[PDB]
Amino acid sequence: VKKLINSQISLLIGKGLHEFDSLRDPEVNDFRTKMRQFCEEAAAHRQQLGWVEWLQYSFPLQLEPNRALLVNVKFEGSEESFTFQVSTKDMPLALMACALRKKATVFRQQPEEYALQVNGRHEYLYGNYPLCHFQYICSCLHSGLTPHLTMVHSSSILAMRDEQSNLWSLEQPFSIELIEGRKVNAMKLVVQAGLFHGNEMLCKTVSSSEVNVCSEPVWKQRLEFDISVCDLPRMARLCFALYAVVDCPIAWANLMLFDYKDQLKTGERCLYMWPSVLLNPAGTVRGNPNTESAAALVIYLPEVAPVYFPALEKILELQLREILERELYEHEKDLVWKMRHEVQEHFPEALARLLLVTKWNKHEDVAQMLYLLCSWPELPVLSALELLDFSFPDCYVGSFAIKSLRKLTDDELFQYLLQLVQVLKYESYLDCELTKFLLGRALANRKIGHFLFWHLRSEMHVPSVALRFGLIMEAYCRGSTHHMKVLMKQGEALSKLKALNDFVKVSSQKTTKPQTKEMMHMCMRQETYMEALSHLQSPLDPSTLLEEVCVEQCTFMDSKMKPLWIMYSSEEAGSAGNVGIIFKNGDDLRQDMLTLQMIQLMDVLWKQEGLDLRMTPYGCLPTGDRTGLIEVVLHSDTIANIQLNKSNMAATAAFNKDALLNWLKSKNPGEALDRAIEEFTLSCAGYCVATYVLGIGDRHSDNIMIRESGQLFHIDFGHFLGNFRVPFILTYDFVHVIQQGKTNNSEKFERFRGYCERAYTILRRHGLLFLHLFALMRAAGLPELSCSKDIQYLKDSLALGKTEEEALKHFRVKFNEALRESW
């Protein structure tokens, strides 16, 4: 069995475990054994959890950030169901009391023994919360639907639990010998080397001698650095660039000067370099795994004595501030450092600014900073996120930052998971506090575990992270054997969708769409495909169950990559078991995921201030190499499709401007139309503010969709942050709907401007949260989130320098400009 598990892990993570063994690497070997132990302890703990605690782990509650209501309740193993009237303010317990009282009268005769499952989903209602605080009930109220729930007894939950078991002395200048290279080029070669602590140089860079593009180049020269060996900070990295000149970059390579056991490195090293686009301090400190073809540098680290970095106990041994403390001059820097005790004492949240003023290239000053740091009070989550930036390379700072993030709720962690995973790319060593933090949290919440897995799995085709990410996924698997098998099922479904999508691509260039679609259906109806594609948890949302694939309703779309549109149904889920996914292969989905996650965050922040813009936060999840899934919002269509203005159709208009309004009218007869116009106005405000703030341009009728409820949302975000200064967009046909069809309607239109202003001003108040998250996202390597000007785009769009009064006036001008332009 131990053999079988290992083969399953290798298959799941997309990398053979034997490959880790073959590295003969102590750091890898250490990581694997420590993390495996940690993860196995988490699993022991989980297996004895109380049944409510188990539910909390497996099906974490889905909550929103007086009225009558009908609810249908059945018991687990029964056809018989009952419809009860309850209040939105009632607790699930009261509901469960009704259900049991009804059961006992039927059967002729305790609520705390039960939880309520949402029919056909892995989602439960339990706890001390009014029904309307549950996302599901809340959702049912707005769409107008009846909640369907199933009474599940504690013994049944426990069966699920059960089925799922498993030094200071060295004053000589730092120096290296550059020995030789092995490489490709057209000119002379040079090696530039710098010593970095994060983004900051610890001293000047020092260049190599120019040697002809001949060879197999052979330097054999001492490069000496303008820094003492005792002043190298613990997280010092040495960064190289190999290039050509008569500039033409060739390659780069980084390494930590100390190893994962804190020992200073000696002597010779062979550096397999990464091909270029000159110094790249934020680039990985691990060699290029393509040793067959990568250019290679050999250096020698001279034996300076073995010295390990000094222990903490040894480290420990060794006005107008406010008016500025809200980029700084050197004298301003000097007062901050001078008054570092006051900073700790009366301005602890200004820790980052103090860290940025310490001289990381002098060990006495670092020991000073560290001394303060070790008694520094915990900071809020917002402050802690800033400290995860690459600007804060020191391990003690890193550790402090994680310590401060431990108070993150699961809902917050989930919201910031994408960025936390991306920060892993900044890590210097395999065994680190972030990895342990993410793994423990993942093992204590299955939803965390699910998305941690997919974020890591979706980048296994990236050589620079394959090893790190592979190792973490292995560790995770040791910690939950059952969930590994659930995840393997999803991977099997994704393997099949790829093969099917490849077929569809080929067929679409040879025959008519009707013919390709029929062939797609025959392929899907093969036993191997019916079995692979049915009965899985959605990678988009593990609480959504994808039961039986409805082949007859599957198709594909006409765009370049021919994305697949896959529908599912489930008898048990009734009608909320009718769900769709899109499989897309050929495009990088990371940018779309980021854009949707930031819009979802806006929706959270708006709702926390009592502003519900009726947004549509659907899933998007990269799963592999230019591969991933998109959640289908049903009962929606594109603005362009609605505006095709076909004859012999409900929405038949005298003027194209009336097409959308007419469409809305046909889906929302009578009284209902007014609320639909309201849903459209609210969502339109939300999306107009979001796409402006994030600089999403190229918005048109083919990438804007509308729900039959009136709710508008966006699809296919190819660009953001003004990378293909985007204006605020007001579209005429939308303004026409907002104005209820009327040419003049300032009452409705100005209500809509109010919504826009209220949404925009709320985001500004959280501007720093967006900034810190985008900062962390720079680790991802998206070409549209690659430098400062990308970030500056967000600063400008949020007008963060300005007072709220100025910001709003500025916004009002952009909005008014948008309205003029509206024809």
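Position 1 is the first residue in the sequence shown; the rest follow in order. Only the largest set of C-alpha atoms that superpose within 1.5 Å between the two forms is called the rigid core.
Asks: Do the Cα atoms of 370-378 or of 557-565 sit farther, on average, from the shown structure in 8 other deposited structures of this protein when the rigid core is superposed?
Replies: The answer is 557-565, which departs more from the shown form in 8 other deposited structures of this protein.
Asks: Please work out whether 209-217 or 442-450 has the higher root mean square C-alpha deviation in 8 other deposited structures of this protein relative to the shown form, with the rigid core as fitting region?
Replies: Clearly, after the core fit, the stretch farther away in 8 other deposited structures of this protein is 209-217.
Asks: Looking at the other compared entries that model both neighbours, is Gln319 missing coordinates in at least a third of them?
Replies: Residue status for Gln319: gap in at least one third of the other entries.
Asks: According to the entry, how many residues of the deposited sequence fall between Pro65 and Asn66 and are not modelled? Options: none, 1 to 3, 4 to 9, 10 or more.
Replies: The entry has 10 or more unmodelled residues between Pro65 and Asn66.
Asks: Are any deposited residues left out of the model between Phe724 and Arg725, and how many (none, 1 to 3, 4 to 9, 10 or more)?
Replies: According to the record, 4 to 9 deposited residues lack coordinates from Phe724 to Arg725.
Asks: Going by the B-factors listed in the PDB entry, is the mean over the C-alpha atoms higher for 93-101 or for 673-681?
Replies: According to the entry, 93-101 carries the higher average C-alpha B-factor.
Asks: So which stretch wins on mean C-alpha B-factor, 536-544 or 596-604?
Replies: The entry gives the higher C-alpha B-factor average to 536-544.
Asks: Which one of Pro514, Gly574, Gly686, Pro302 shows the top CA temperature factor in the record?
Replies: By C-alpha B-factor in the record, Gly574 ranks first.
Asks: Have a look at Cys756, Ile762, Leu798, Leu773 and flag the one whose Cα has the highest B-factor in the entry.
Replies: Answer, based on the entry's C-alpha B-factors: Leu798.
Asks: Taking the entry's C-alpha B-factors for this chain, is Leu70 in the lowest, middle or highest third?
Replies: It belongs to the highest third of the chain when residues are ordered by C-alpha B-factor.
Asks: Which third, lowest, middle or highest, does the C-alpha temperature factor of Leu12 belong to within its own chain?
Replies: Bottom third by C-alpha B-factor.
Asks: Would you mind checking where the Cα B-factor of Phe469 ranks among the modelled residues of its chain, as the lowest, middle or highest third?
Replies: According to the entry, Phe469 has a C-alpha B-factor in the chain's middle third.
Asks: Could you say whether, by C-alpha temperature factor, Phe347 belongs to the lowest, middle or highest third of its chain?
Replies: Answer is highest: the recorded C-alpha B-factor places it there.
Asks: Per the entry's values, where does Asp162 land by CA temperature factor relative to the rest of its chain, in the lowest, middle or highest third?
Replies: For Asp162, whose C-alpha B-factor we compare with every modelled residue in the chain, the answer is the middle third.
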